[PDB]
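> any chance you can model this:
(chains A and B, ligands or ions: 1)
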Amino acid sequence: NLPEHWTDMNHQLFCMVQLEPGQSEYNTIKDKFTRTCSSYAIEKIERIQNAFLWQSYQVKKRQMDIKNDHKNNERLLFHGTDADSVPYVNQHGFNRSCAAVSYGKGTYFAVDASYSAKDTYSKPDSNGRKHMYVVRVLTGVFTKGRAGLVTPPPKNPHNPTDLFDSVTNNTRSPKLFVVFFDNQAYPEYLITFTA
Amino acid sequence: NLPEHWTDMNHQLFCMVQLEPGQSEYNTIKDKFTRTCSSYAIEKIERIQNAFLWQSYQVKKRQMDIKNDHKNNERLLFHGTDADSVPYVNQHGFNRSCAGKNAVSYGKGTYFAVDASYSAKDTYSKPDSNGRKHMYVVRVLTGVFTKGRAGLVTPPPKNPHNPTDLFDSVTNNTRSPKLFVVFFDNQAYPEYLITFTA
Ligand SMILES: CC(C)Oc1ccc2c(=O)[nH]c3sccc3c2c1
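Residues are numbered from 1 along each chain as shown, chains lettered A, B, ... in the order given. The protein structure is shown below:
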């Protein structure tokens, strides 16, 4: 069930596709970034076409849509990372066992590209090039996080296995989300940019 | 679509089904267990019907069956755990983030035993306040494996010059495997829960 806007992969299961500047898809992703990062220069935007990661993510989305009963469970968020992690993320997605874990031992995603654009996250390589993913994240129903969480809290401690889907810094005005399971984040685009 | 021999769950997503001694399904698990745990006695065997865990697991199995070259990617293995962990495992499966350090570590992942005797140790299947011990029988996607090492947080690469092309799992010994370690969610489906006593 590979998305329409993906381009043909000649029966391959993984491809990175450089977007054509000035076309609708490139403009849409560029705008999401320049909303908070207009002072940064975009070198390129690549579409991540990973069939296996997409399949596993879409199964989790269908399950979360059933479990939560309607609800838009999905957010488009940012993740800054170092150049040496890019090949792993492209192929394998986001792994909590790799990665400050102030809101729990999960993978961290920012509402604003400006947050992920910090050198602590999108570490400049030898050439000054920084890397940030645009990520589909199953944030679902969320609560405030805290240090040391290995899974989100239960929605009521009377049923301690019925969990929140994610945690945040601030439930009323969230700026970051943490997810604790493989299959809850799909890296959709990679932005290569400079300060 | 769920396996046709499962009990009808009436639109619900999760059920534990108590098996009957004398049925082939009960007897094969009892025999697999008794092969190395003849000094213990089984109280009951429950089939775990978890729709969501099954779906995510079978997707990962189809992927590994495509990726690997006509490999038997799945083994039926044992996992001892404490009573306090059973409700979470039944609902959510095996979380590497919750796993204990093994007495012989081949990596930071979830451990599965070839022999019920290994999982039957009090260190893994901790007797509860009523003297009941708990052991899962688990479909594990071992796939293509190599000898593990204590430092691993993922399986190692097959080839050092291609760091992202990974082994599926690691073992203590490739020639005579007795345990397997997996490092990803939905690589292991908890199929049966054995409750047993001395
Ligand atoms: C409070 C703080 C820890 O939240 C964040 C927010 C965004 C990010 C990010 O974009 N990338 C990476 S890579 C390791 C950690 C983070 C991260 C952490």
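
> could you point out which element follows the longest helix along chain A?
Looking across chain A with DSSP state H, the single longest helix is helix A:51-68. Scanning forward in sequence from helix A:51-68 by DSSP states H and E, the next helix or strand is strand A:74-81.

> does any bit of the helix or strand following that next one sit next to chain B?
Sequence-wise, the next helix or strand downstream of strand A:74-81 (DSSP H and E) is helix A:86-92. Yes. Helix A:86-92 is in contact with chain B by Cβ under 8 Å from any Cβ of the partner chain, via A:87-88, A:90-92. All C-beta spots, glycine's among them, are computed from the backbone N, C-alpha and C.

> drop anything exposed from those.
Buried residues within the residues of helix A:86-92 next to chain B, defined by neighbour count using 16 or more other Cβ atoms under 10 Å in any protein chain shown: A:88, A:90-92.

> now, which of these sits nearest chain B?
Ranked by distance to chain B (Cβ to the nearest Cβ), these are led by residue A:91 at 4.4 Å.

> how about that closest one, what does it touch?
For residue A:91, the contacting residues are A:14, A:50, B:164, by Cβ atoms under 8 Å, 6 or more residues apart in numbering or on different chains.

> repeat that for residue A:6.
Counting by Cβ under 8 Å, 6+ apart, residue A:6 touches A:17, A:47, A:49.

> can you add neighbour count and secondary structure and give these back as JSON lines?
Formatted as JSON lines, these follow (neighbours: other Cβ atoms under 10 Å in any protein chain shown; DSSP: H, G, I helix; E, B strand; the rest coil):
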{"residue": "A:17", "neighbour count": "15", "secondary structure": "strand"}
{"residue": "A:47", "neighbour count": "20", "secondary structure": "strand"}
{"residue": "A:49", "neighbour count": "21", "secondary structure": "strand"}
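
> report how many residues lie close to residue A:126.
The tally of other residues near residue A:126 (other Cβ atoms under 10 Å in any protein chain shown) stands at 6.

> and the longest helix of chain A, C-alpha only, in PDB?
Taking C-alpha atoms only, helix A:51-68 is exported to PDB below (Å, rounded to 0.1, in the frame of the first residue of the first chain):
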ATOM      1  CA  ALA A  51       8.600   0.200   2.200                       C
ATOM      2  CA  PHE A  52       9.200  -2.000   5.400                       C
ATOM      3  CA  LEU A  53       9.200   1.000   7.800                       C
ATOM      4  CA  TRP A  54       6.100   2.500   6.100                       C
ATOM      5  CA  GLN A  55       4.300  -0.900   6.300                       C
ATOM      6  CA  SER A  56       5.100  -1.300  10.100                       C
ATOM      7  CA  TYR A  57       4.200   2.400  10.800                       C
ATOM      8  CA  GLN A  58       0.800   2.100   8.800                       C
ATOM      9  CA  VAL A  59      -0.100  -1.000  10.900                       C
ATOM     10  CA  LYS A  60       0.500   0.900  14.100                       C
ATOM     11  CA  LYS A  61      -1.500   3.900  12.800                       C
ATOM     12  CA  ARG A  62      -4.500   1.600  11.900                       C
ATOM     13  CA  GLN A  63      -4.200   0.000  15.500                       C
ATOM     14  CA  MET A  64      -4.000   3.500  17.200                       C
ATOM     15  CA  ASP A  65      -7.000   4.800  15.100                       C
ATOM     16  CA  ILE A  66      -9.100   1.700  16.400                       C
ATOM     17  CA  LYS A  67      -7.800   1.900  20.000                       C
ATOM     18  CA  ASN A  68      -8.400   5.700  20.300                       C
END
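
> go through it and flag the buried ones.
Neighbour-count burial for helix A:51-68 flags A:51-61, A:63-65, A:67 (criterion: 16+ other Cβ under 10 Å).

> so which of those are also by chain B?
Okay, of the buried residues of helix A:51-68 touching chain B (Cβ under 8 Å from any Cβ), that's A:52, A:55-56, A:59-60, A:63, A:67.

> touching, residue A:170 and residue A:144? I think so.
Yes. In this structure, residue A:170 is within contact of residue A:144 by Cβ atoms under 8 Å, at 7.2 Å.
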